[PDB]
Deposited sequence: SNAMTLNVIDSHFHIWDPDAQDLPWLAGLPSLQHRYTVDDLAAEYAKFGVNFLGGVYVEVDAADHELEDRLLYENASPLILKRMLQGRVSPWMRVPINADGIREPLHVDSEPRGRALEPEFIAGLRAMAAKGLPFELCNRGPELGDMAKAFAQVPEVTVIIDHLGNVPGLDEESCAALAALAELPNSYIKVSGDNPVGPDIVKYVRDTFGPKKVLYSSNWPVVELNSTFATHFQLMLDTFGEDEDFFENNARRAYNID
């Protein structure tokens, strides 16, 4: 925190009144309005130079409303916008979207229209946000191996359960791709064992800092998560801003 530049590669904002989020039921801790200014105030307490964040789709009921609400949110702190869509070489992409995330709930990654859709996004400069199940990481590796020219960002350390012989083999295959990236975050406090294996196989150039705010305030705390990152990586310029400048092409 001794003057450090930070780029948040994964954060969310929503308003439970204007928007309809079905997954918010049963979670009264998150049924509040979250703005980009609230995230900026957290980075102000930590004494870091917040250079902006990468918005990720909040799985809203009306995706067209989410597209409009994020155009009208002209805050300079929103560096990139990862809106939702269905991957295909004929997919509808928001004209203001910098990338696409398909909520992979189903061998979707093995369908040819998904592979062909990756090539279309690659030719358009659109990175893909990969958020999947634990055991399904094996098929993801074969999918993005056919399209090495698309930028894939593995969300939340791949959502792996632990040191599985199948998960370690899938995470090692993805680390061999030239444009693959992995985020150190998740809906739970990250495990030291998983983080150590991810840093070794992926390397210091393909690991992104991610807060997962404000979901990190469910099973953990932003202060708890952000401090654990400072202890694990230290004041690393690549982990905190430089790797995100190459993954998301942040000028």
| item | value |
| --- | --- |
| Regions left out of the model, expressed as runs of the deposited sequence counted from 1 | 1-2, 108-112 |
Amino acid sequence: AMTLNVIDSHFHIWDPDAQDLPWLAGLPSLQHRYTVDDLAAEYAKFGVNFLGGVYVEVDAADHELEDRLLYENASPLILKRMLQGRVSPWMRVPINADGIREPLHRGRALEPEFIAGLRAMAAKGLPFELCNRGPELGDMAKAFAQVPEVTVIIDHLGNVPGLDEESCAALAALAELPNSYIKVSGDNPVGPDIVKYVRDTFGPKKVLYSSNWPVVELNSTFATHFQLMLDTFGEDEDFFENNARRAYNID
From here on, numbers count along this sequence of modelled residues.
{"item": "Stretch with the higher entry mean CA B-factor, where the candidates are 190-198 and 31-39", "value": "190-198"}
{"item": "Per the entry, higher mean C-alpha B factor between 171-179 and 109-117", "value": "171-179"}
{"item": "Criterion, highest CA B-factor; candidates, 208, 61, 69, 218", "value": "218"}
{"item": "Residue, from 164, 149, 129, 98, that the PDB entry assigns the highest Cα B-factor", "value": "164"}
{"item": "Relative C-alpha B-factor of residue 204, binned into the chain's lowest, middle or highest third", "value": "highest"}
{"item": "Chain-wide C-alpha B factor ranking for residue 85, given as lowest, middle or highest third", "value": "middle"}
{"item": "Residue 140 - which third its CA temperature factor falls in, relative to the rest of the chain", "value": "highest"}
{"item": "For residue 2, the third of its chain into which the C-alpha B factor falls", "value": "highest"}
{"item": "Third assignment of residue 154 from its chain's C-alpha B-factors", "value": "middle"}
